[PDB]
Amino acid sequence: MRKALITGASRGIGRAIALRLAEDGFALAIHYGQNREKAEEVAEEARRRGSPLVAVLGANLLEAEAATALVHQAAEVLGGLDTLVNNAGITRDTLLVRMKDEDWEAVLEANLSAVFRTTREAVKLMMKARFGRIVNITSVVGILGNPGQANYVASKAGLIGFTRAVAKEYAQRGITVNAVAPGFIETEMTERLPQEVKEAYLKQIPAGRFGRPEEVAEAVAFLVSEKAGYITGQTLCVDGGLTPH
């Protein structure tokens, strides 16, 4: 409806999701980990695109109490909360045999357990109004299981099962819970990658084109619609034909 909290909204997909919902007149809490100035930049642009209430909120979601507090902070600053987009996520890519306990733990913590925490707190608020929209930004690799990042794949596949369980548990309380699974989306960060990496990724995609963050946001805006009330428990891939889903 009228409130949303978007995690990791200072750049890339989160920013696009933030700016897209601003265009729909949503009030927005723009969450960020470190780059506060960038988050403020997005907040100003969201205001310029039509958002009537925008606040920036800084939290390190690796801190257990941070993810729990974030939802209540967001609700306070917005005057309520009816929408949660769990977009934030980190990588610690390595081969399994070289992967340290900490490299695994950080990725599962930020990408899955933190999303637990935010989802649980958001549902408690949504249950009372008898309306809510929750969208988890997973990754196609959660389905495909491409090598080199078994930690990241486990986290994103877990996020999908998580999405289905919460969907089923809250469906008669007016809350939908869905996932959006980006393929290979071109951002400032992926452009930093070696040329060799880009071409190998690009090679896998039937559409023969990286996606744009704005495309992922369109799917997000569709699911958080009041008009998407009978869609729940679903994973929608935005990937140019990469995933057989």
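The first residue of the shown sequence is 1; numbering continues from there.
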Next item on the list: Averaging the C-alpha B factors as listed in the entry, name the stretch that ends up higher: 27 to 35 or 215 to 223.
Entry: 27 to 35
Notebook entry, point to check: In the PDB record, does 162 to 170 or 125 to 133 carry the higher mean Cα temperature factor?
Noted result: 125 to 133
Next item on the list: Place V238 in the lowest, middle or highest third of its chain's C-alpha B-factors, as listed in the PDB entry.
Entry: lowest
Next item on the list: Could you say whether, by C-alpha temperature factor, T176 belongs to the lowest, middle or highest third of its chain?
Entry: lowest
Check: According to the PDB entry, is the CA B factor of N146 in the bottom, middle or top third of its chain, that is, lowest, middle or highest?
Finding: highest
Next item on the list: Determine, from the deposited record, the chain-internal third of the Cα B-factor for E109: lowest, middle or highest.
Entry: lowest
Item checked: Lowest, middle or highest third - CA B-factor, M1 -> highest
